[PDB]
């Protein structure tokens, strides 16, 4: 349901059961240099004070940047996992959607790096995340 890249015939955990399926992350565009995703804000994404949870912006950035890397590297026999996620918070989001745009800025042999912007429905920049993704040969 998430439109994550189809790079394998089966996956260990079905979309609807994962963190991402639970909060409702959906990938829209996906290219080697750029990917977008969004999510409808519901309480499941919020913390008790009624704001989108800082963790939700982190998770959306993490999935989008990792999977954008997976889309390219899996068929090359590689695995891609987050090694560093630095998200900074500029404006709270209370409702509507959060919309993430990941732009690739470095693609090394061992590390890819993506800048992710997280905007609210008015287009305001509410958070950014710098994602460093480790790329390593798959163990099996």
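Positions refer to the first chain, counted from 1.
Annotation for 54 to 62 versus 99 to 107: the higher mean temperature factor (C-alpha) is found in 99 to 107. Annotation for 19 to 27 versus 5 to 13: the higher mean temperature factor (C-alpha) is found in 5 to 13. Of the candidates 91, 74, 86, 46, the one whose C-alpha carries the top B factor in the deposited record is 74. Residue 122 sits in the highest third of its chain by CA B factor, as recorded in the PDB entry.
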